[PDB]
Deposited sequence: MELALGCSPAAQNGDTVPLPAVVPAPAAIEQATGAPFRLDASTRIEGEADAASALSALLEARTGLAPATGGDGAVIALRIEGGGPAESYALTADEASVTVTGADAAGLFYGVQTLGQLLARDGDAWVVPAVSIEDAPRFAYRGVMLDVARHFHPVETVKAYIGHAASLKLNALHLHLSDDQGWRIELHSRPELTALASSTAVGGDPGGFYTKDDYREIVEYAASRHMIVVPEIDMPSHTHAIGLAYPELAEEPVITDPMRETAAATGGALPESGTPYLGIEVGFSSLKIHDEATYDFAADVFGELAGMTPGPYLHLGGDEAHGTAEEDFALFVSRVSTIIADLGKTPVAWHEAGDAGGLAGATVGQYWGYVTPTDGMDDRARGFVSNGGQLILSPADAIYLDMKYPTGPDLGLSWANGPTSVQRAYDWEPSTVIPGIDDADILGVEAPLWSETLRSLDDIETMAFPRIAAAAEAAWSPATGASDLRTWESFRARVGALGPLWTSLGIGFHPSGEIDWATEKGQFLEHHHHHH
């Protein structure tokens, strides 16, 4: 009975004997005793091996978790919590672990439904239990502006009032934004803020009306309220845009990205790259060519969605591939490889696979289906970051991101019902080795290991949708 642990470790092997009767990393395990409210449990930072790596060995003499950093030890304490099993037991085990990708991220949409600091802090602890080390907050969209800026003070004043569906809006104060980045730092997580521009910028026109263009509608139909110069409370996308040829548009992005970078010590500033429907490719090329350079000279590494990779601007910019794992193109396989030819890496977030906002085939009502139908937990796992990567190299993949969009999610219970269990397939694709190695990196194994951690998920207060695709305990 191989002890179930997710993400699947690099090397795991049972031990010969009988199992184990039960700095600040110790607090992470002491607080982990929510699964179960002399012996000596060793948590030491030796160092020398790869970053975010650890070594776990459990016997009856003592259990020893040894990481190279505070992060590596913090991923070893997360593994031991999953290892915890008539009494309360830790199996005779030996784990030597290391991450496959340096970026192992979770995205949160705070613009569609404004999520408070508390429900964001909880999601940080939940993602950290799966060895995820990057929180991606989607701070702006057509439905709200969520970050408090002073170079653009009208934004937080007139663009944060509403949310999707007539629900409360709000924003993170700069006072409140430091709490998010310092809470995630204590969980060894970086916080990358995204400000979706060219398109996905309708709320920006509510406060600075000289910057936004009139909405382009196309075929709703579905609307039978379309977007106007008023707070958009719908879910349609790709209608808003900034005055791309107005220099005030870029003087706005400079203030917005300049002030934002001062509050984020993380290396990345995500600009988005969403283009409005019917926007010129050359004009959209000029847009993200300018704003990425603005972030470039700010001392930050710019991030954008892969649809802006054909552009001629930016150097070393990082991408977020949101296309399907079988890449059904507008050009999205070739367009994603433009980031690698330019000198940057790719973060892979396949829509059909890893988009956590996609409805379950089972049926928890929430979610969307715009990918290729609902997303089963298997399909969230039925992909390899290497083969589902056009024709690049593992050195050109910065990591894996698991986007959770909040068009339909308004609760922490709503967030957990959709993130888990499919978030485990995200951390597995991010942390665990490729599908070429690792015998436990199969659907038959993941489906069994993710079901054994079910009781552990219920003890930490983490909600999840029990997908009938897998067997729980």
Inset, instruction - Quickly check which stretches of the deposited sequence aren't in the model, judged by C-alpha, and list them in order. - result: 1 to 17, 40 to 48, 64 to 72, 121 to 123, 263 to 269, 519 to 532
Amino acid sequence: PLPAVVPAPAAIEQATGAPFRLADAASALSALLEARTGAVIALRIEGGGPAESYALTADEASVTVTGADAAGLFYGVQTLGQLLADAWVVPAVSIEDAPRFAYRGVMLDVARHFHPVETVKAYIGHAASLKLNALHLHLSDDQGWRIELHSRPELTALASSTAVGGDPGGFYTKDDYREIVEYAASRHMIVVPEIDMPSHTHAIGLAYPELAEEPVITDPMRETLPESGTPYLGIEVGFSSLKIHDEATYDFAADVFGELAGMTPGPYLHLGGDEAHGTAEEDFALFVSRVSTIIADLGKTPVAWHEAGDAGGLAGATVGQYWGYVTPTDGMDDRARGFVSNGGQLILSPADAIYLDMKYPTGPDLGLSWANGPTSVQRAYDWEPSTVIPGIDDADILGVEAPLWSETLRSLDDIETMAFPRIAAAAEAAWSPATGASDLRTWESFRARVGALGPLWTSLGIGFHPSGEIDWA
From here on, numbers count along this sequence of modelled residues.
Legend entry - Mean C-alpha B-factor comparison - 374 to 382 and 184 to 192, higher one: 374 to 382
Legend entry - Which of 303 to 311 and 126 to 134 has higher mean CA B factor, as the PDB entry lists it: 303 to 311
Inset, instruction - Could you say which of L404, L56, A424, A28 has its CA atom at the highest B factor, as listed in the PDB entry? - result: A28
Inset, instruction - Name the one of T224, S199, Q321, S160 with the greatest CA B-factor according to the PDB entry. - result: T224
Inset, instruction - Rank-wise, by C-alpha B-factor, drop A35 into the lowest, middle or highest third of its chain. - result: highest
Legend entry - CA B-factor ranking of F284, expressed as a third of its chain: middle
Inset, instruction - Using the B-factors in the PDB entry, rank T218's C-alpha atom against the chain and give the third, lowest, middle or highest. - result: highest
Legend entry - Third of the chain's Cα B-factor distribution that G391 belongs to, per the entry: highest
Inset, instruction - Going by the recorded CA B-factors, say which third of the chain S292 sits in, lowest, middle or highest. - result: lowest
